[PDB]
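*Asks:* model this:
(2 chains)
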Amino acid sequence: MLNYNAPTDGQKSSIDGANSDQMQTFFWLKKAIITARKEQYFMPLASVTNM
Amino acid sequence: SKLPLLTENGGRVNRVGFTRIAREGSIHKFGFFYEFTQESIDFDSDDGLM
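*Replies:* Numbers count the residues shown, from 1 in each chain, chains lettered A, B, ... in the order given. Please see the structure below:
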């Protein structure tokens, strides 16, 4: 029978021979995870003097 | 030596015969098949494999 088996972990599919292997084995979201800024407390307190 | 000659009198001479032959032929049967699974189609990287 033609089986998918598990192309990852070293068990090639039935359709694939000795030379071939699956091209796509995962899906990629393309939306990354990011971290925002840390809030600041002392900075708004200050006033500015020109020089 | 074996020509079909006649004489003026005639009579029951020079009789011949015929034959027929028969021939024949027959037919036979062939076939083969293959199998697959659902995951073999769903998760394979190439669509249109079937």
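*Asks:* from here on, contacts and neighbour counts on C-alpha atoms
*Replies:* Noted.
*Asks:* So for stretch B:33-48, what gets flagged as buried?
*Replies:* B:40-41, B:44 (16 or more other C-alpha atoms under 10 Å in any protein chain shown).
*Asks:* Let me have these in CSV, extended by distance to chain A and secondary structure.
*Replies:* Output for the buried residues of stretch B:33-48, formatted as CSV (distance: C-alpha to the nearest C-alpha, whole Å; DSSP: H, G, I helix; E, B strand; the rest coil):
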residue, distance to chain A, secondary structure
B:40, 5, helix
B:41, 8, helix
B:44, 7, coil
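*Asks:* so which strand or helix has the residue positioned nearest the centre of chain B?
*Replies:* For chain B, the residue nearest the mean C-alpha position is residue B:25 (3.8 Å; C-alpha atoms, centre = their mean). Element membership for residue B:25, per DSSP states H and E: none, as it lies in no helix or strand.
*Asks:* got the end-to-end distance for stretch A:20-37?
*Replies:* Criterion C-alpha to C-alpha, to the nearest Å; first-to-last residue distance in stretch A:20-37 is 47 Å.
*Asks:* That stretch and chain B in contact?
*Replies:* Yes - interface with chain B: stretch A:20-37 contributes A:22-25 (C-alpha under 8 Å from any C-alpha of the partner chain).
*Asks:* Tell me the gap between that stretch and the middle of its chain.
*Replies:* 4 Å (C-alpha atoms, centre = their mean, to the nearest Å).
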